[PDB]
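Enquirer: Give me the fold of what follows.
(one chain, ligands or ions: 1)
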Amino acid sequence: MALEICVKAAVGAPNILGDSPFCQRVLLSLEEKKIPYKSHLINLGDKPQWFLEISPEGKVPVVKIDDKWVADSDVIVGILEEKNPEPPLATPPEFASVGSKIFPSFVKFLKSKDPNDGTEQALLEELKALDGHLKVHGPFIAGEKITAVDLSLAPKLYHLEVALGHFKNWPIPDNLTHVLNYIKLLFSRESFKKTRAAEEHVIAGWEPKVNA
Ligand SMILES: O=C1O[C@H]([C@@H](O)CO)C(=O)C1=O
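Expert: Numbering: from 1, shown residues only. Here you go, the structure:
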């Protein structure tokens with residue numbers, strides 16, 4: 001009963017948000033609404049089937065909406081907004097077009113067996129195509145307010161800053177004048193500052209996920 005968020009924690013530490021920007025989203029879309037919840041944090045499987053059977057895949061991250069189950073962190077950006085009593089945040093702007101290319105390409109940046117040095121030459125132009133229109137709107141990666149593109153990307157940018165920072169601390173130039181200031185906003189609000197992981201426990205959970 002109530003919002004029972006059932007989520008992968010850090011590797012080794014079932015009390016902190018670690019290597020999953022995917023679970024950090026679920027906190028973000030409810031903290032933007034200010035709606036209260038509880039976070040059942042799982043280290044890899046250390047909580048039994050009652051915390052996993054909420055997923056149609058058996059995979060965390062997933063949610064109960066007062067025991068009424070909902071599937072994974074990438075369809076939660078619709079289904080946790082659809083079933084909410086507080087205002088839905090699922091609304092896709094024009095920024096969802098470029099943001100849907102950034103969404104997997106920044107996961108592949110953290111799995112760059114295929115070179116990141118060649119990948120980054122597309123990521124700078126993906127960031128420019130987003131940033132060139134975001135600098136007209138001002139504050140958030142979905143435009144004037146937080147909606148689905150911030151829900152797709154916001155903790156994944158902080159996970160890139162932390163986990164890519166461990167081996168290739170890739171700078172955002174001031175020409176990306178929304179992106180470079182929006183990363184500073186992730187250290188603020190309820191919707192981003194509460195979803196911040198402990199940073200060693202992002203890196204030590206991301207290492208085997210360069211492979212897996
Ligand atoms: O979004 C992210 O990228 C990495 C890996 O998944 C890359 O495959 C990480 O661990 C986190 O979940």
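Enquirer: hey, let's count contacts and neighbours off CA atoms from now on
Expert: OK.
Enquirer: Show me which residues of this structure sit near the ligand.
Expert: 19, 20, 21, 107, 108, 110, 111, 156, 206, 209, 210 (Cα under 6 Å from any ligand atom).
Enquirer: Kindly recompute the last result at 8 Å.
Expert: Residues of the chain that fall close to the ligand, judged by Cα under 8 Å from any ligand atom: 19-22, 106-111, 156, 159-160, 202, 205-207, 209-212.
Enquirer: Give me the subset of those residues that lies in helices.
Expert: 21, 22, 106, 107, 108, 109, 156, 159, 160, 202, 205, 206 (DSSP state H).
Enquirer: how about these in TSV, adding neighbour count?
Expert: Shown next, in TSV, are those (neighbours: other Cα atoms under 10 Å):
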residue	neighbour count
21	26
22	24
106	20
107	15
108	16
109	20
156	22
159	26
160	21
202	24
205	20
206	22
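Enquirer: just the helices in this structure please.
Expert: All helices of the chain, identified by DSSP H, fall at 21-32, 76-82, 95-109, 116-137, 148-163, 179-185, 189-193, 200-206.
Enquirer: which helices and strands does the fourth one pack with?
Expert: If I follow you right, that is helix 116-137. Here helix 116-137 touches helix 95-109, going by 3 or more Cα pairs under 8 Å, 6 or more residues apart in numbering; DSSP states H and E.
Enquirer: got the buried residues for the helix it packs on?
Expert: Within helix 95-109, the residues that qualify as buried by neighbour count (16 or more other Cα atoms under 10 Å) are 95, 96, 99, 102, 103, 105, 106, 108, 109.
Enquirer: Stretch 131-138 now?
Expert: 131, 134, 135, 138.
Enquirer: Can you tell me how far the last one is from the ligand?
Expert: Relative to the ligand, residue 138 is positioned 25 Å away (criterion: Cα to the nearest ligand atom, to the nearest Å).
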